[PDB]
Structures are given as structure tokens and as C-alpha cells.
Amino acid sequence: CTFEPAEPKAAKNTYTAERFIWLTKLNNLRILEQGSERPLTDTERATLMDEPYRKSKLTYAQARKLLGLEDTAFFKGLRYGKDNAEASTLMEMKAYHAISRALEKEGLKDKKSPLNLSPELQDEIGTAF
Amino acid sequence: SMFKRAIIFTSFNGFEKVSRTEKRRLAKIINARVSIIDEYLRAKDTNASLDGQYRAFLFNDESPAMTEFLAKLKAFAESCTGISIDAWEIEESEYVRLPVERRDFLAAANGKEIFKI
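Could you give an account of unusual backbone geometry, with specific residues and numbers?
All names here are of chain B. The phi angle at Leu41 is positive, at roughly 75°, despite the residue not being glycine. With respect to the helices, strands and loops of the structure, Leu41 is situated in the loop between α1 (20-33) and α2 (47-50). Residues other than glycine seldom take positive phi values, yet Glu62 does so here, at roughly 70°. Assignment of secondary structure puts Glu62 in the loop between β2 (53-58) and α3 (65-80).

Break down α3 of chain B for me, with residues and values.
Under the 1.5 Å per step criterion, the end-to-end length of α3 of chain B is 23 Å for 16 residues, consistent within 8% with the ideal 22 Å. Of the residues flanking the end of α3 of chain B, it is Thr81 of chain B, one or two places downstream, whose phi is positive at about 35°.

Tell me about the interface of chain A and chain B, and please be specific about residues and values.
With 17 residues of chain A at the contact, the number on the chain B side is 17 residues. Secondary-structure elements contributing two or more residues to the side of chain A that touches chain B are α2 (42-49), α3 (51-54) and α4 (60-67) of chain A. The leading source of residues in the side of chain A that touches chain B is α4 of chain A, at four residues. Counted by class, the side of chain A that touches chain B contains four nonpolar, six polar and seven charged residues.

I'd love a proper account of the packing of α2 of chain A against α4 of chain A, names of residues and values included.
Residue and element names in this part refer to chain A. Between α2 and α4, the shortest axis-to-axis distance is 10 Å and the interhelical angle comes to 125°. Taken together, the axes of α2 and α4 lie oblique to each other. As for how α2 packs across α4, the hand of that crossing is right-handed. Counted together, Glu44, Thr47 and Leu48 of α2 and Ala63, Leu66 and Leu67 of α4 form the full contact between these two elements.

Let's hear about the packing of α1 of chain B against α3 of chain B: which residues, and what values?
All names here are of chain B. Across the interface, α1 lies against α3 with an axial gap of 11 Å and an inter-helix angle of 170°. Our classification of the angle between α1 and α3 gives roughly antiparallel. Side by side, α1 and α3 meet where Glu22, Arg25, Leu26, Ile29 and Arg33 of the first sit next to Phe69, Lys72, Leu73, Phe76, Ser79 and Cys80 of the second.

I'd like to hear about the side chain of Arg55 of chain B, residue by residue, with values.
All names here are of chain B. Its location among the elements puts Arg55 in strand β2. From its side chain, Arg55 meets the backbone oxygen of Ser49 in a polar contact 2.7 Å long. Sequence-distant contacts of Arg55, defined by excluding residues within four places in its chain, comprise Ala6, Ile7, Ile8, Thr10, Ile30, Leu41, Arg42, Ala43, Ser49, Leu50 and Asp104.

Could you give an account of the sheet that holds strand β1 (residues 30-33) of chain A, naming the residues involved and the relevant values?
Residues and elements named next belong to chain A. Taken in spatial order, the three strands of this open sheet run β2-β1-β3, and their pairing is antiparallel. Looking at the sheet topology across the chains shown, the edges are occupied by β2 (37-39) and β3 (73-75). Within this sheet the neighbouring strands show an average axis-to-axis angle of 35°, counted without direction. Bridge count between β1 and β3: three bridges; the pairing is antiparallel. Across the sheet, residue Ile31 finds its bridge partner in β3, namely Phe75.

Quick one: what's the story with the environment of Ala27 of chain B, residue by residue and with numbers?
Considering the arrangement of structural elements, one finds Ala27 of chain B in helix α1. It is 5.9 Å that separates the C-alpha atoms of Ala27 of chain B and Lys44 of chain B, two residues lying 17 residues apart in sequence.

An account of the pattern of salt bridges is needed here, citing residue identities and associated values.
A salt bridge links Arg64 of chain A to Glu86 of chain A, with the nearest nitrogen and oxygen atoms 2.2 Å apart. With a gap of 22 residues between them, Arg64 of chain A in helix α4 and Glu86 of chain A in the loop between β3 and α5 (94-104) connect regions that are remote in the sequence. Here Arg5 of chain B ties to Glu92 of chain B by a salt bridge, and the two come within 2.4 Å at their closest N and O atoms. Of this pair, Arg5 of chain B sits in strand β1 (residues 4-12) while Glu92 of chain B sits in helix α4 (residues 92-97), and the two are 87 residues apart along the sequence.

Mind laying out the environment of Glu37 of chain A, listing which residues take part and the relevant values?
Residues and elements named next belong to chain A. Its location among the elements puts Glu37 in strand β2. For the pair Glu37 and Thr47, spaced 10 residues apart in the sequence, the C-alpha separation amounts to 20 Å. Excluding residues that lie within four positions of it along the chain, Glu37 makes contacts with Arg30, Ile31, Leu32 and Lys76.

About the thresholds
Residues numbered from 1 in each chain as written, not as in the entry; some residues may be left out. Chains lettered and ligands numbered in written order. Part of a larger assembly, values for the part shown. Heavy atoms only, no water. Residues with missing side-chain atoms left out of burial classes, pairs and counts. Helix = DSSP H or I, 4+ residues; strand = E, 2+ residues; numbered from the N terminus. Expected span 1.5 Å × (residues − 1). Contact = heavy atoms within 4.5 Å. Nonpolar A, V, L, I, M, F, W, Y, C, P; charged D, E, K, R; others polar. Axes fitted to C-alpha atoms, helices over the stretch in contact; angles between N-to-C directions. Parallel < 35°, antiparallel > 145°, perpendicular 65-115°, else oblique. Left-handed = near helix turned anticlockwise from the far one by under 90°. Polar contact = N/O pair within 3.5 Å; in protein donor to acceptor, adjacent residues only side chain to side chain. Pairing = 2+ DSSP bridges. Salt bridge = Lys/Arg side-chain N within 4 Å of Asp/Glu carboxyl O.

Structure below.
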């Protein structure tokens, strides 16, 4: 692991790993409004935190809707010259939704009902598969 | 005589395509409450008006209309598997004091959560 030599490095498709990716993006995501830069307030982060699980993908424009961001407020780390750039993904929990779609498609999960499996169990499924 | 405002934000969650019929249903639900007083937040059936929109309805506490409306909303949300409704609640005392700039968002953060579905 280079952090815990006894333990191995593992499992991108993992609640813990996907959540690491998500939190790294969210914590590093800053919005530039015409003028200067600023990072998301704690209420904004709290608002966005659970949306990658609730929706299929948290689109950048979709994030603008959630925050009532109001054009003249643009995302940094986003090529805004390209047209309809805000259809970019910004985050997709591939593993969580892969497990959820598998269960949904076979009759064990009520679609759009949160996956009740534990983070431990999700990590285990990711590592095993 | 205390005015609670129910802030409801409607999002399109992707899991399924959204039947034109469901858009008409939700538009009927939302537009039942609207009057010339709040001709803003009139609900169309197009995605642009139903997807990713905050609407703050004014209700009067000690009146059973707020609860019935929110129950109808919750029932539709439970039914529609592909539309997600978020409800909050704020007293108008605090609501009016916010800066108009993005009031509904702020009211959502500063307000009592009701149901997320």
C-alpha cells in the first residue's frame, strides 16, 4: 500500500475508493465567478455530497441547478469555450450503481430505493470481483 | 398566523425516462396551488420547468392545506421512480430576511427537511 505495508492496495470499484475520488473532487472543486475564485461553502458541499448516489450522474449543469448558481458563476477546471461543456459528468459512482443496476434488473431492489448494503459489504464485493 | 414556506426542489434522476403523463401529473399538482399571486413558478410540462427547479410555496400554519399538498407530492414521488422531489420548510419570518439572490437554495439549507425521495 505504501501507507500500510501489511495491507494491499486494492479495489477502485469500492464505496470507500469511489468516495475517496468523490471527496477529492469535491474538496478541490472551486468555482470562479467573473472576477475572482472561491471554494464551495460547507452548505454547498453538504448539498452536493449525496447526489452522486441519488442520481445516475451529477452533471455540472445539474450541480448548477442544485446550487442556484446563476450564470456569471462558472466552474473552474472546466473548458467553458466548448459548447454545452456543462454536460460533463463531474462524478459518477460506477460501482455503487453497477451493483444497484444488477439488483434492480433481477427483482431484488426497488429501483431508486437506496442500496442498503453496508460500506464493508460493498468494499468486499468490489475486491472480490 | 405563522407563515411556513414549503421549499420543494424537483430533479430528474435519470433511472428512467419520464412519461409525458407524469410531467402532466406533476404540473397539475404544482399548478393547483398557484394563483395570480404567484404566477411565477407556474408548472409547465416541459423538462426545463420540471427538472432542476426550486419552487417555494407559501402556506399558513394552523391550516391543513400544507400537509395535504406535501402528502400528494410525496405520493407522486413514491410512484414515479425517475423523478425525485425534495421538500423543506422555513418560516416566512426567516425567509423574507434572506437575500433574494438565491433565496430558495439558502432557504433549503436553513430550513427543516421534510422528505427526500
